[PDB]
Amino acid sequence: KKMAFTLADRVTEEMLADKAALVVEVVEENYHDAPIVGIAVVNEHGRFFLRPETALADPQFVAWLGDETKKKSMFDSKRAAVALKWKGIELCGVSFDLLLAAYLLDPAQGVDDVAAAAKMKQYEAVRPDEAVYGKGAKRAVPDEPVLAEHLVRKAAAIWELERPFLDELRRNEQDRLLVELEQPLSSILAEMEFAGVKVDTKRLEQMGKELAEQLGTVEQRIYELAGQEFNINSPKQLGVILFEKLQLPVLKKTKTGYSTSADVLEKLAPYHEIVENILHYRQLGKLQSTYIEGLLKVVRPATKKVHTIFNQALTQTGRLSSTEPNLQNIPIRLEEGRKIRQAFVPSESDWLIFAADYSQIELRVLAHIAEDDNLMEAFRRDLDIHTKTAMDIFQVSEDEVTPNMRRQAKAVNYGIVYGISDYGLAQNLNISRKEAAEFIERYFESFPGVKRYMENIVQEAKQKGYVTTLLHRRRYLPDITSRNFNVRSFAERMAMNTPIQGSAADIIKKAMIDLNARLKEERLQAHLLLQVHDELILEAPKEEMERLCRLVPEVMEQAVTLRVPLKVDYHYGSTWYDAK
């Protein structure tokens, strides 16, 4: 615990070796336009600390940073790349990212800093970030001496941990997943985040003004029906109004009291007309707080752009998550909410939004992995299982299936293949439990391969203690052999779902890499804006639409080659809303 280093005040030649562990410290969680508090470099020649003003204004250091031939090893390179972009500097040459390495080895570890990654290899010559910066209102950058040693130790750890981590990834056959998929994806996500999505605040604000009025009307209507005023957004107060004052049936209780979830309220619709109004109120209320007010709070005034952050090392299945703001959960299911999408527009005049989504993606992936003849045959015949299920459930013809019915059927298809109980299905379709049980049985009867697969994958998981995806992503499930019925059950269902969702995640990620290269290749101006799990959203001049209508679907469909074909749907328009 005695590490010597150089607290430099000027950049030297030895600090620019062609191989180094680099630390560009951004303390603020949201690194967009966030300050860089310090720099640390560790290479063949030594350990150095540099103040941001010093290094980032140095022509040789900036050149080194942007030199792809000068290899850098880091932890969360995207954070540094984006922070540097906001500082007008280009970062190239990142050959190793410890965050992604740790993430691939075991998502469950929740590695959020170098220290946490270090503990995976019994390395402890580095402190946790939280211990150094403190938490909450106490969070602060320590005195230079302390800060300097911290950043240098983190760089030292990355320097010493690279081989051990690559070694383990190599043994798990995940080294290519890191070097050829996640790392190149990281750079793509950095570009996407920095580019941002332009927002039509004039329109969003007008929508918010009108929403407030409509919300106000529903609010009064609710108080009138309840014969009293109360906080509708308080499940507690609401419970008293519904189950005590109004005497409605209590269909479910949670640890804190009566449940007022949407599923329960919808079931109480026949008893009082105040329940439908409350449901509507909550929807409108969510639109206002989150998609109007909340979104407006994160819009960069000067450019009218929103810059989300795609967490690439968080989900347990390989998916990405989106935060501050979350642009992966913008309304679309209900027309009222869907209009929020009219506020998301191109960043340049005469540009359009282009959206492409994978068709029945996880059913296709499951057909491949399970090798279910019927299911594979269905996709080879280009059938729509969601629509068919809709036709069967609602007892209607193909042309009588509304997009809403299809969505409900969609949830039924995925719920069944992922282990929904008869109780769950019955409650969802408001049908007899026996009926639901028969529907499920009949479902696997139709797809025996899938049934066998799910049974086998659970057994494999119990023996190996983990499951894997097509591209070797991994997830450990230690609870799978648990004595407790509940604990075990959840683990088993994770064994049934993770490989499928995870593989779908592997595919779209590769599609993004392939698409990006194709774009830069054809010198097209079109560029990715967002990824929404199984869909990619781009913007580009209208003149490039024709090319994209072929390129995007193609690249996405050819990302990987399965036993069944991949199909991509796509549309474009003046706003994200119109891209339908």
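Note that residue numbering begins at 1 and tracks the sequence as displayed.
In the comparison with other entries of the same protein, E182 is given coordinates in all of those covering both sides of it, so it never reaches the one-third threshold. Compared against other deposited entries of this protein, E210 counts as consistently modelled, with coordinates in all of those that resolve the residues around it and thus below the third mark. Of the two segments examined, 26-34 and 544-552, it is 544-552 that shows the higher average Cα temperature factor in the deposited entry. The stretch with the higher mean CA B factor, choosing between 568-576 and 9-17, is 9-17. Reading the B-factor column for the CA atoms of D106, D506, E324, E124 in the entry, the top value corresponds to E124. When the C-alpha B-factors of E438, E180, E205, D97 are ranked from the entry, the top spot goes to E438. Ranked against the other modelled residues of its chain, the C-alpha B-factor of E90 as given in the entry falls in the middle third. For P128, the recorded CA B-factor ranks within the middle third of the chain. Only modelled residues enter the ranking. In the PDB entry, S73 places in the lowest third of its chain by CA B-factor.
In the deposited entry, the Cα temperature factor of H533 places it in the lowest third of its chain's modelled residues. For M512, the recorded CA B-factor ranks within the lowest third of the chain. Only modelled residues enter the ranking.
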